[PDB]
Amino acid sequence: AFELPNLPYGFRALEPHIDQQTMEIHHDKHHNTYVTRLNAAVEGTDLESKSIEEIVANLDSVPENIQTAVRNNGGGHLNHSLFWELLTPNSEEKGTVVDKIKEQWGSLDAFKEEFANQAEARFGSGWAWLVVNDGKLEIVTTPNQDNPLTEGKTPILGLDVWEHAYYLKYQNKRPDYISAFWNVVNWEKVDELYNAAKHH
């Protein structure tokens, strides 16, 4: 019952910051595999009528024998679903969260530096996040497909630092990928996620 969402732009739309080949394989193979395996895990359980956000927020209540499959593949589905919507060929560094970041870090650039440092320091596979914890902004990273929702922090920006997300264009140069990412951040979607969670 979970479905692979179409990208909200073309595979080529994020060039030259993220290559078309990566956008295609990352979406049509990696994300698709998470959807297939999530559906196999939840099929015939009462997870199958729940939102992915409810499942990932409540992984501790997922039946023991499927909890790892749901953590990994449910996490994969939520994280990539967020990621596609958080990218745009028309990125503008403005809006409510940019203003909150400038207030807290003193500048957007100082925030980008801390986010880049944490994203680079995430050893192995995982994600770098800006989260809202009970109205407050924090940078965190997670391993594999873990999502801050599970820890009661609402993600409003995420960067995939699995090597599949950057290896074809950047190989070992994760810092260059992180630098490229700023050019395609959908700050409108960041604002939408923040606004939804500041009053929830």
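Don't overthink the numbering: it's just position in the shown sequence, from 1.
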(message) If you take the mean CA temperature factor per stretch, which one wins between 132-140 and 145-153?
(response) 132-140
(request) Taking the mean of the C-alpha B-factors per stretch from the entry, tell me the winner out of 68-76 and 100-108. (result) 100-108
(request) Quick one: which of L47, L159, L38, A165 shows the highest Cα temperature factor in the PDB entry? (result) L47
(message) When the deposited Cα B-factors of this chain's modelled residues are ordered and cut into thirds, is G126 in the lowest, the middle or the highest one?
(response) lowest
(message) Splitting the chain's C-alpha B-factors into thirds, which one does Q171 fall into?
(response) lowest
